[PDB]
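Asks: Would you mind keeping the following structure in view while I ask a few things?
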Amino acid sequence: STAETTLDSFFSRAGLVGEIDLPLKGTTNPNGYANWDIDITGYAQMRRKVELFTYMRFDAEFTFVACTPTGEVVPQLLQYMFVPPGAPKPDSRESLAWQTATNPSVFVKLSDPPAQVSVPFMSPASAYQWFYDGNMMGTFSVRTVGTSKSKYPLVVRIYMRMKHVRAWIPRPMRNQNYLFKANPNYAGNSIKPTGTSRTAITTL
Amino acid sequence: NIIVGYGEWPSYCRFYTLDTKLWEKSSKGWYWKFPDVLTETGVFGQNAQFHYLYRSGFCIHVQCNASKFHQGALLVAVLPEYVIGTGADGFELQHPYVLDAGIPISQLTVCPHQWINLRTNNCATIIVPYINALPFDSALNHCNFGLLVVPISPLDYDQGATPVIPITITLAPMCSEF
Amino acid sequence: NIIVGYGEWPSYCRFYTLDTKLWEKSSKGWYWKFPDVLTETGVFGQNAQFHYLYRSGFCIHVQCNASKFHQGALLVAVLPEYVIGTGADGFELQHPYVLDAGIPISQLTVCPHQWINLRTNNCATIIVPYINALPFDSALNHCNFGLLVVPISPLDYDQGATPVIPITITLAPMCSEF
Amino acid sequence: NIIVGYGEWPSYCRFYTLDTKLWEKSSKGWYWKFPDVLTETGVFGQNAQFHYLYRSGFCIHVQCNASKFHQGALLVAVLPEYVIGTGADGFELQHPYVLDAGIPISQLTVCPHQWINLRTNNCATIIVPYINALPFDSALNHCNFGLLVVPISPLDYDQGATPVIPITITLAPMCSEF
Amino acid sequence: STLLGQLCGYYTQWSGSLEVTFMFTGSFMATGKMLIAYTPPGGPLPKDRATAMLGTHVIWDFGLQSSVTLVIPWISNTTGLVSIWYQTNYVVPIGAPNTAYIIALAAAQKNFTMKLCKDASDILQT
């Protein structure tokens, strides 16, 4: 009963944000680690939905699914360390940031159910704002446990769900194509109508 | 009539008449930024740049006087955190259809707004409370909101009448804190 | 509105409509003398010259009808014992600046007076009591006061409109004695 | 102690610390003029030259710190309408005997005054009400009074001690009106 | 030209408050706005309309009102200044005159006084 249009229902599903490749050989990540800055716009449809308002406040829930490029399941161990905002990030496999006790880690196996954690509201202000006339959530670092390189190629996929959603000050929805990230810039030489057109005003 | 933005009056935690804009037959629209528009004016302007933390509400009156043989319509609206995509005299809209920011003008009536129809009325009053994610901010580095005046219906008249219509904006700070 | 001269109503010890004056773009002003203006008119006129002692008050209405596209202003005043320095149709002022008597027009507002602004009103009423140093006088040898109608602001209009504005004076004797 | 000039407290109809004067073995005396001394300083200074009528009282503290092996005496006095005969740093007396105006210094104790004896005390406080023949005057063209600090007994010490003694003046406006 | 000036030309000292009234004698279809400002003694004339706005002023609307009044505070015995600026332009329809006139009326308040009579006149008897 009008409970599908609430904001909690509007933002209620886990969507794929981000993907990490750890190839056996190549140039994508020569080592066995990667850094992924947390963002909600990894999901393609998220930006236009969130930018309907000016201020937002929510928690997050992350799930990690790992497998071989073909989809196989292999006996491997991973780390999944979380770097809070304002803290240094790893630079190599031998970096000392991988064992700093203030960065929580989740040791898990591939032959296991996907890992799941929760992240609270991490802003100094009272809400995130997508427009500032004048939003760091953290970082996830993924590696393979060991002093030697792994024997398999791996892919990690991250899914995020938002909980306890609140919003303020609605705005008009986006009309033109985006050009940059965190920028309302638009192609000024090609402006398109909001919808379709017809031949005359007197004809259906 | 008088509308109160989001149904909230300014609270705690004189009149300033700017120059006159001349509405023409080919005008596109103008906008002003707050509190940038009142930073070089008077005691408010001195306090804005001679302090560190600022917090204030506002009351905006827009008027225009025209004859009974003129026609046209204007939309007046207030948009918090109005970032522009591609002083006290304001700027001019280059692409009024996309509000110069990639958003449609047809949905601008979702904000605190008023209509000026030359055949019906000539005044519009909007009261804006303080909107921010923090109790205090900087008056010289952050613009809280912007004010828009866009002619939805073009100005028209007959030859021999006055070809420019004056639009005057007068505003008064409310519950200001420094 | 209606003003009463010196705050006194006429006391003891019909309507007469004169001809119409045509206000023009170059008019200077006119004046009438009392009770000379009503000495050849009707029963009052017969009694004025068929008696010896006369005493009366007056009530004067001045009106003018013009369109909404005309402009101008008139000053109507009453001056007792109005002696002129260098009938029912009045005379024309030769030097309206000095009131034809050596006194400034700018201080004429010290007498019982009214203003006619074409954009505001079109009527003026003045009530004059009896003023003299004796209880009775002669109606054919002494003029008690005079009435002045001077355009302070010139009449203006556009080509194609009516170039003359009618000014009609109607007066009624009050508390007359013979 | 604290003395009140003429036994009157300032009435209706912060601290300012000036620079330090160095008392020497050959010093003659200094004087300051009011409210000239506080016309280029702070909010009081802005109000003095940004208004037309001014009226205020004052409270003056004079201090000096010296060792127990120094000696000397100063006379501090306030003289209304101190006209001189033949800023915030004051002037120096050329002929302290005649007070630079033809009047003896020995009779200066007829004004609100205090004594500073280095062997007895080091402070002097004077409270001055508003003195004028008119309720209000001009702050930029009329000097109400002057303050004098004259060493009646010369400063003396032994070789090896500090040869200059600091005299600091701090004043606070009271019951100021603009 | 006012009776107050002529009457105070017979004395030596005076003090009190004044008032000035402005009357608009344009057509019924004309509109516009004016700014009337007052500057206290000792100040200079404002350089522009914006400077005059930061002070004692009033905004006069032709359409709303035909007359406005301006109370001048205490005067005595430099003097205050009164200036009139254009706020908007003169708006008028087709068929109405392009020019109008303003009439100013001045008087004194109830706290005005005069003292020390003089005679002081230059009109010759014959």
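Asks: Which condition number does B:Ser67 fail, the rest of (1) surrounded by fewer than 22 Cβ atoms within 10 Å (Cβ to Cβ); (2) within 26 Å of A:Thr54 (Cα to Cα); (3) hydroxyl-bearing (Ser, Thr, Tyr) being met?
Replies: For B:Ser67, the failing item is (2).
Asks: Please work out which residue is farthest from D:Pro80 (Cα to Cα), limiting yourself to segment D:24-53 and to residues that are more than 19 Å from the chain's Cα centre (by Cα) and in a loop (DSSP other than H, G, I, E, B).
Replies: D:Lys25
Asks: Let me ask something else. If only one of C:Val98, C:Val78, C:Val164, C:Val128 is more than 12 Å from every other protein chain (Cβ to nearest Cβ) and within 30 Å of E:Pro93 (Cβ to Cβ), which one is it?
Replies: Sole residue among the options that is more than 12 Å from every other protein chain (Cβ to nearest Cβ) and within 30 Å of E:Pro93 (Cβ to Cβ): C:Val164.
Asks: What do you reckon, is A:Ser141 in a strand (DSSP E or B) and either within 14 Å of chain B (Cβ to nearest Cβ) or buried (at least 17 other Cβ atoms within 10 Å of the Cβ) (or both)?
Replies: Considered against the rule, which asks whether it is in a strand (DSSP E or B) and either within 14 Å of chain B (Cβ to nearest Cβ) or buried (at least 17 other Cβ atoms within 10 Å of the Cβ) (or both), A:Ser141 comes out as yes.
Asks: A further question on this structure: Among the residues of segment E:7-25, is any of a type in the set (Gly, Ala, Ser) and surrounded by fewer than 14 Cβ atoms within 10 Å (Cβ to Cβ)?
Replies: Checked segment E:7-25: at least one residue is of a type in the set (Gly, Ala, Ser) and surrounded by fewer than 14 Cβ atoms within 10 Å (Cβ to Cβ).
Asks: Only one of these is within 21 Å of the chain's Cα centre (by Cα) and at positive phi: A:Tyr128, A:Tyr80, A:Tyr55. Name it.
Replies: Exactly one of A:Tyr128, A:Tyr80, A:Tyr55 is within 21 Å of the chain's Cα centre (by Cα) and at positive phi, namely A:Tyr80.
Asks: Can you name the condition, by its number, that B:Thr120 falls short on among (1) within 14 Å of chain E (Cβ to nearest Cβ); (2) closer than 21 Å to E:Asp61 by Cβ; (3) not in a strand (DSSP E or B); (4) not charged (D, E, K, R)?
Replies: Going through (1) within 14 Å of chain E (Cβ to nearest Cβ); (2) closer than 21 Å to E:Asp61 by Cβ; (3) not in a strand (DSSP E or B); (4) not charged (D, E, K, R) one by one, B:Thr120 breaks only (1).
Asks: How do the pairs read when you match residues in segment A:41-58 that are more than 14 Å from chain B (Cβ to nearest Cβ) and surrounded by fewer than 19 Cβ atoms within 10 Å (Cβ to Cβ) with residues anywhere that are among the β-branched types (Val, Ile, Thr) and in a strand (DSSP E or B), using Cβ under 6 Å and keeping only pairs 6 or more apart or on different chains?
Replies: Pairs found: A:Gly42/A:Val17; A:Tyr43/A:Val17.
Asks: May I pose another question? More than 14 Å from chain E (Cβ to nearest Cβ), within 27 Å of E:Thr99 (Cα to Cα) and either small (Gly, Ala, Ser) or out of contact with any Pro (no Cβ under 7 Å at 6 or more places or on another chain) (or both): does that describe C:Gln46?
Replies: For C:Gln46, the condition - more than 14 Å from chain E (Cβ to nearest Cβ), within 27 Å of E:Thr99 (Cα to Cα) and either small (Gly, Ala, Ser) or out of contact with any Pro (no Cβ under 7 Å at 6 or more places or on another chain) (or both) - is not met.
Asks: Can you tell me which condition B:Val83 does not meet? The list is (1) more than 9 Å from every other protein chain (Cβ to nearest Cβ); (2) within 23 Å of A:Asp133 (Cβ to Cβ); (3) assigned to a loop (DSSP other than H, G, I, E, B); (4) out of contact with any helix residue (DSSP H, G or I) (no Cβ under 7 Å at 6 or more places or on another chain), and all the others hold.
Replies: (1)
This table checks each residue for (1) in a loop (DSSP other than H, G, I, E, B); (2) under 30 Å from D:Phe178 (Cβ atoms); (3) within 14 Å of chain B (Cβ to nearest Cβ).
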position	(1), (2), (3)
E:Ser1	yes, no, no
E:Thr21	no, no, no
E:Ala50	no, yes, yes
E:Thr78	yes, yes, no
E:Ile84	no, yes, no
E:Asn89	yes, no, yes
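Asks: Just the residues that are among the charged types (D, E, K, R) and touching a strand residue (DSSP E or B) at 6+ places or on another chain (Cβ under 9 Å), please, taken from segment B:108-160.
Replies: Within segment B:108-160, B:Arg119, B:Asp137, B:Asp156 meet the criteria.
Asks: Need the failing condition index for E:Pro44 against (1) closer than 30 Å to B:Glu40 by Cα; (2) under 15 Å from the mean Cα position of the chain (by Cα); (3) not small (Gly, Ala, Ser), just the number.
Replies: Only one criterion in (1) closer than 30 Å to B:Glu40 by Cα; (2) under 15 Å from the mean Cα position of the chain (by Cα); (3) not small (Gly, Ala, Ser) is unmet by E:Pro44, namely (2).
Asks: Select from segment B:118-141 the residues that are surrounded by 14 or more Cβ atoms within 10 Å (Cβ to Cβ) and either among the small types (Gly, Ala, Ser) or under 17 Å from the mean Cα position of the chain (by Cα) (or both) and list them in ascending order.
Replies: B:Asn122, B:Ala124, B:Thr125, B:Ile126, B:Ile127, B:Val128, B:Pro129, B:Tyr130, B:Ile131, B:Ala133, B:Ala139
Asks: Just the residues that are within 12 Å of chain B (Cβ to nearest Cβ), surrounded by 14 or more Cβ atoms within 10 Å (Cβ to Cβ) and part of a loop (DSSP other than H, G, I, E, B), please, taken from segment A:152-178.
Replies: A:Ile169, A:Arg171, A:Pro172, A:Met173, A:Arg174, A:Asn175, A:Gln176, A:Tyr178
Asks: Looking only at segment D:26-44, decide whether some residue is closer than 17 Å to D:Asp156 by Cβ, out of contact with any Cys (no Cβ under 6 Å at 6 or more places or on another chain) and surrounded by fewer than 19 Cβ atoms within 10 Å (Cβ to Cβ).
Replies: So far as segment D:26-44 goes, yes, one or more of its residues are closer than 17 Å to D:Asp156 by Cβ, out of contact with any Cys (no Cβ under 6 Å at 6 or more places or on another chain) and surrounded by fewer than 19 Cβ atoms within 10 Å (Cβ to Cβ).
Asks: Right, something else. Considering only residues of segment B:93-117 that are part of a strand (DSSP E or B) and farther than 13 Å from B:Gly146 by Cα, which is farthest from the chain's Cα centre (by Cα)?
Replies: The extreme case among them is B:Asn117.
Asks: Okay, next question. Restricting the search to segment B:101-117, which residues are buried (at least 21 other Cβ atoms within 10 Å of the Cβ), at negative phi and within 7 Å of chain A (Cβ to nearest Cβ)?
Replies: B:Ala101, B:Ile103 - these are the residues of segment B:101-117 that are buried (at least 21 other Cβ atoms within 10 Å of the Cβ), at negative phi and within 7 Å of chain A (Cβ to nearest Cβ).
Asks: Sort through B:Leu148, B:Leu155 and tell me the only one that's aliphatic (A, V, I, L, M), buried (at least 18 other Cβ atoms within 10 Å of the Cβ) and within 14 Å of chain E (Cβ to nearest Cβ).
Replies: Answer to the selection: B:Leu155.
Asks: At the interface with another protein chain (Cβ under 8 Å from one of its Cβ atoms) and closer than 30 Å to B:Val43 by Cβ: is that true of E:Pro73 in this structure?
Replies: no
Asks: Under the condition of being assigned to a loop (DSSP other than H, G, I, E, B) and within 22 Å of C:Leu18 (Cα to Cα), which residue from segment C:54-75 is nearest to the other protein chains (Cβ to nearest Cβ)?
Replies: C:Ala66
Asks: Still on this structure: A:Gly146 is checked against (1) more than 27 Å from B:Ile84 (Cβ to Cβ); (2) under 23 Å from the mean Cα position of the chain (by Cα) and fails just one. What number does that condition carry?
Replies: (2)
Asks: Scanning segment C:140-177 for residues that are of a type outside the set (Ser, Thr, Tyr), out of contact with any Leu (no Cβ under 9 Å at 6 or more places or on another chain) and not in a loop (DSSP other than H, G, I, E, B), which turns out farthest from C:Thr109 (Cα to Cα)?
Replies: Step by step, filter segment C:140-177, then rank; the result is C:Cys175.
Asks: Right, something else. Out of (1) farther than 17 Å from B:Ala172 by Cβ; (2) touching a strand residue (DSSP E or B) at 6+ places or on another chain (Cβ under 7 Å), what's the single condition that is false for B:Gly87?
Replies: Against the list (1) farther than 17 Å from B:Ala172 by Cβ; (2) touching a strand residue (DSSP E or B) at 6+ places or on another chain (Cβ under 7 Å), B:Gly87 comes up short only on (2).
Asks: From the list E:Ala37, E:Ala120, E:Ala107, E:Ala100, which one is closer than 25 Å to C:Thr109 by Cα, assigned to a strand (DSSP E or B) and small (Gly, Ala, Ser)?
Replies: E:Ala107
Asks: Among (1) within 30 Å of E:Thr99 (Cα to Cα); (2) surrounded by fewer than 13 Cβ atoms within 10 Å (Cβ to Cβ); (3) among the acidic types (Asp, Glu), which single condition is C:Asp89 missing?
Replies: (1)
Asks: Further question: Within segment B:7-23, is even one residue within 14 Å of chain E (Cβ to nearest Cβ) and assigned to a helix (DSSP H, G or I)?
Replies: No, because not a single residue in segment B:7-23 is within 14 Å of chain E (Cβ to nearest Cβ) and assigned to a helix (DSSP H, G or I).
Asks: Sticking with this structure for a sec: Determine whether segment B:24-36 contains at least one residue that is under 20 Å from B:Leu148 (Cβ atoms) and in contact with a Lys or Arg (Cβ under 9 Å, 6 or more places away or on another chain).
Replies: yes
For neighbour counting, all protein chains shown are included, and Cβ atoms are generated from backbone atoms with ideal geometry for every residue, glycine included. No value in this document is a laboratory result; all are computed from the given coordinates.
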